[PDB]
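Here the structure comes first, spelled out in structure tokens, and everything after it is commentary.
Bear in mind that the values in this text are calculations on the coordinates, not laboratory data. Cβ placement follows ideal geometry from the backbone for every residue including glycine, while neighbour counts extend to all protein chains displayed.
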Amino acid sequence: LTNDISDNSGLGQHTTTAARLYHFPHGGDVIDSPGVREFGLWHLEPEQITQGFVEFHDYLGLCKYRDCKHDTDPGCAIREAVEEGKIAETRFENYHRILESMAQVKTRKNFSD
Amino acid sequence: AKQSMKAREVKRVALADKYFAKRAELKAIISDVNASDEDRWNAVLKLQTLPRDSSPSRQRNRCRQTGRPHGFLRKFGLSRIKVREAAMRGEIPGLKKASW
Amino acid sequence: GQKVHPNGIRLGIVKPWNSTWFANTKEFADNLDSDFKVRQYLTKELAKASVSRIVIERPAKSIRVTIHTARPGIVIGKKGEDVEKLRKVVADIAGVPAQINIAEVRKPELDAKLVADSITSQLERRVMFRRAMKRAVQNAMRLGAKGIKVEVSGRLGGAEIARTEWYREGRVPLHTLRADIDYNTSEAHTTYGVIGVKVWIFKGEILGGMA
Amino acid sequence: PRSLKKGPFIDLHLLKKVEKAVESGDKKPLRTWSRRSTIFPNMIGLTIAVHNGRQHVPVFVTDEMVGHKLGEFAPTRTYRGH
Amino acid sequence: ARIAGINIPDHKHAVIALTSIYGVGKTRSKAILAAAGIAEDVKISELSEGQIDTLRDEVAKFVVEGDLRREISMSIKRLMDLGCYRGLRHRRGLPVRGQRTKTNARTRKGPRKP
Amino acid sequence: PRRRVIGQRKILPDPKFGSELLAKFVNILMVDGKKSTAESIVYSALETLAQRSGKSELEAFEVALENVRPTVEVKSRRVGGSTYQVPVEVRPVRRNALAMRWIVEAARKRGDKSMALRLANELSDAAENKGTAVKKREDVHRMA
RNA sequence: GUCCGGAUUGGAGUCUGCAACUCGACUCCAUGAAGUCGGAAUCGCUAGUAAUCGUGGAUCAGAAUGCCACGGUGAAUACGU
Ligand SMILES: [Mg+2]
Ligand SMILES: [Mg+2]
Ligand SMILES: [Mg+2]
Ligand SMILES: [Mg+2]
Ligand SMILES: [Mg+2]
Ligand SMILES: [Mg+2]
Ligand SMILES: [Mg+2]
Ligand SMILES: [Mg+2]
Ligand SMILES: [Mg+2]
Ligand SMILES: [Zn+2]
């Protein structure tokens, strides 16, 4: 059986430190992976994050400013879209905060290509 | 460039000079006022029978040392490159770096 | 960074042109073409006469060519025979009555063209380059030169990565227009590749303008 | 426009072909490359296979096409959208 | 006032108020005026009908208003009917006279679309 | 100027009143080097201003700009390491230019069909501490 | 949205060139979009400068809003690091 330790206080241990394939009983395969803390995305370009949110294609090209950062730029379609509840507010805020997170982790001069 | 291009140029000029007189007379007949439109018609038909590479407007000034079809300078007959070598070496008479 | 051609910038101040004829724009280009091909023909034909410069001056009905060689007796051959031959040849190329009047260079070690082509001739004979350049500079300044800089660039000693090697001795003040700095460039084609040499030879400030 | 003092333009190989076609009756579509020639009144009702640069497209000349160049009926670019 | 054609000219210098009609511009307007003899700086108001009818008579000579609109529509429809290159670019809604279409062809393509 | 605090050059008096301030005014009002248009505008505005204010049109211009000249203004400083506003006094030569600049922009905003009129109307309201030119001066004083 | 703006389009032309359909420049008549000073952000410039007004040249049969040059008018500001 895979190692299983219970979490203590705020967060759990890192029991599985490996990535192992397993043959599914019916058909196919699964893979157990080690737990992760930060799935930050500084390697991804900022536009690739707008593409990643699937609920945003419904509003590309609907912003009067073409280079619409969509935060407070006038005419940001997804701004009003989330104003009326078409978009999940939490998703919009998460998009913004991961963008600003990329600014914090762009300090490294190492390359990721 | 490719020897093919220089050969093309020399052929174009050697045909333009040949058919110069005929082309000039024919264009005269064409554009000439008072010309009988049948004569003008025969002239405009005959004109396109001559080798198309006889029209001087069909040539291209190439560098007379490399054949480069760009950066040409009529005063010297060289591309924008070889003029600089000839100048800096003191081959173009009275040519020097300008400053004002 | 890059540096302006030293000979090309001192034409107004201390360096004379090498083709001093005059012609208006009507026949300027073909004059240049003719003199280019004639001087290239002469270079190809006098690859052993050790010519330094081929100055060309045209009278209205004639072409006059002055050769600067270190071996006058060579180019004139026997009883001025071959010089008359090549005079006929330049008459052919220019299509114009020609006259050839050779001129000698007394200090062949004080001619950037001469020493540069000698360096290249040594390189193509597969000799260690450092020896070549340092011998050249030593000879030059032994003949009383105010300064000399030699520079070689390319696959020196058949190097996989091309390097740049220079050697200066004396004074070589490129920025001073008043300076008599003779400069020329030569190339040597070896099995590894083409090696470029540049020679600056400063022979003293020329006080008192062009004349 | 070409001019009026020079009249319309046509290259005489096409002219000979078209006259030999009309004088001889109904003919197979004329296979020509001359996009530069202009449609004359006599070639009405003919069918010209004019080169688009990769193929000779058929064009059935009507009296409305008179006073126009042949190339105007052989598009040289294929496009559908994105 | 009233002039030939459905449109009513406003009260301003005749040469200018005459341009209101779809078929007449600045040069044709002053031509009409000179033919009718009325000066340019006159206004359409304070202008007796005795010359208004003359104005409408002289504007009747040229094609103007609706008849011109139908004539241009027939010409574009004919162009499209030939199947000529211009006809294609007309039914496609694109620059007809060889303009660059890689960029800034907006006047015929309308606003940017996603 | 990091190294050399260069001195300002001199302007030439105006050929109608020999007044350095008038010449500075027309230089500020000028557009695209069209000095003649500016001088036409300024002389027209000054003369109509004279008509409303009676005598001494050049003096009327002086007291007009006086009624709106600024004494104290906010200034930015990064010495703290963060943007820091500070109220500071203004040298006479600089507040002259500030008053002239505020007058001309206000006139352009006025509209009403002519620059000559806009300038005159703004000057006339400035002469009596009004026209919103004083209000802009008052707000930047309040920001002390 | 004008006696602003000139795009676009119809009609009719001129010229160069063997040849202006794709794909030239220009003229005339007609047509008269958007545009009413431009978000965050960002660029140039310290004086005959910026800004504005024209003129010329190279290339070139033809084809400059580009480039390289020429003059006309001609400012504002600089406490300070
Ligand atoms: Mg670090
Ligand atoms: Mg070759
Ligand atoms: Mg050409
Ligand atoms: Mg340089
Ligand atoms: Mg018009
Ligand atoms: Mg207008
Ligand atoms: Mg309008
Ligand atoms: Mg308005
Ligand atoms: Mg200028
Ligand atoms: Zn947006």
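List of remarks:
- Label-point gap, in nm, between D:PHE9 and F:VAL79 - each point 7 angstrom along Cα→Cβ: 7.9
- Legend: mean number of C-beta atoms from other chains within 10 angstrom of residue C-beta atoms, peptide C:11-22, equals 4.
- Estimated Rh, segment C:107-211: Kirkwood, alpha-carbon pairs, angstrom: 14.0
- The mean number of Cβ atoms from other chains found within 10 Å of a Cβ in peptide B:90-100 is 6, as a whole number.
- Calculated on the Cα set of segment C:1-48, radius of gyration then Dmax: 14.2, 39 Å.
- FRET efficiency, C:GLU27 to B:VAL13 (Cβ-Cβ, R0 22 Å, nearest 0.05): 0.85
- Legend note: in the protein assembly as shown, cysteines whose Cβ sits 4.7 Å or more from every other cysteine Cβ are A:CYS76, B:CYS63, E:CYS84.
- Rel. contact order, % - alpha carbon contacts under 8 angstrom, at least six apart, chain F: 24
- Sorting the segments D:69-81, F:34-46 by their residues' average number of neighbouring beta-carbon atoms within 10 angstrom, most packed first, yields F:34-46, D:69-81.
- For chain D, alpha-carbon Rg over 2.2 N^0.38 Å: 1.14
- Cα-Cα over 20 Å, subset of C:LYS48/C:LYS85; B:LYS18/D:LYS16; A:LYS69/A:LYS106; C:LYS3/C:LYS134; C:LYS44/C:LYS85; B:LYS11/C:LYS61: B:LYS18/D:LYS16; C:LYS3/C:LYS134; B:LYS11/C:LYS61
- Computed from Cα positions, the angle between helix C:112-124 and the longest principal axis of chain C comes to roughly 60 degrees.
- Extent along principal axes [Cα atoms of chain E; Å; largest to smallest]: 55, 29, 21
- Relative contact order (percent, whole number), chain A, Cα cutoff 8 Å, 6+ residue spacing: 17
- Distances between placed amide hydrogens fall under 5 Å for D:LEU30 paired with D:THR47, D:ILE48, D:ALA49, all partners being 5 or more residues away or on another chain.
- Shielding value for C:24-33 is 4, the average number of Cβ atoms from other chains within 10 Å of each residue's Cβ.
- Take every pair of alpha-carbon atoms less than 8 Å apart whose residues are at least six positions apart; their mean separation over the length of chain D yields a relative contact order of 25 percent.
- Cβ-Cβ FRET estimate between C:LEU174 and B:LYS6, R0 fixed at 35 Å, reported to 0.05: 0.35
- Stokes-Einstein D in µm²/s, Kirkwood radius over Cα pairs - segment F:60-144 at 4 °C with 1.567 mPa s viscosity: 95
- Mean residue ellipticity (222 nm) of chain C, computed from DSSP H runs ≥ 4 via -39,500 (n - 2.57), nearest 500: -9500 deg cm²/dmol
- Helix A:89-104 and the long axis of chain A differ in direction by around 80°, with both axes built from C-alpha atoms.
- Set of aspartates and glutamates near F:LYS55 by C-alpha distance (under 15 Å), chain-local residues within fewer than 8 positions excluded: F:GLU47
- Within a Gaussian network of chain E (alpha carbon springs, distance under 10 Å), most fluctuating of E:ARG91, E:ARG69, E:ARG100: E:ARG100
- Cβ-derived FRET efficiency at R0 22 Å, C:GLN99 paired with C:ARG135, nearest 0.05: 0.05
- Degrees, to the nearest 10: B:3-31 long Cα axis against longest axis of chain B: 40
- Mean projected area of the convex hull spanned by the Cα atoms of the protein assembly as shown, taken over all viewing directions: 70.4 nm².
- P(r) weight above 26 Å for chain F, C-alpha pairs, percent: 30
- Paramagnetic reach from C:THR190 (point 7 Å along Cα→Cβ, amide N under 19 Å) across segment C:149-179: C:150-167
- Debye-formula intensities of chain B, expressed as log10 I(q)/I(0) at q = 0.12, 0.23, 0.25 Å⁻¹, are -0.59, -1.11, -1.20 (one equal scatterer per alpha-carbon, no solvent).
- Segment C:16-106 - Debye-derived log10 I(q)/I(0), Cα point model, q = 0.13, 0.20, 0.22, 0.26 Å⁻¹: -0.40, -0.93, -1.11, -1.49
- Between A:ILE49 and F:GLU62, the modelled label-to-label distance comes to 6.3 nm, taking each label 7 Å out from Cα in the direction of the beta carbon.
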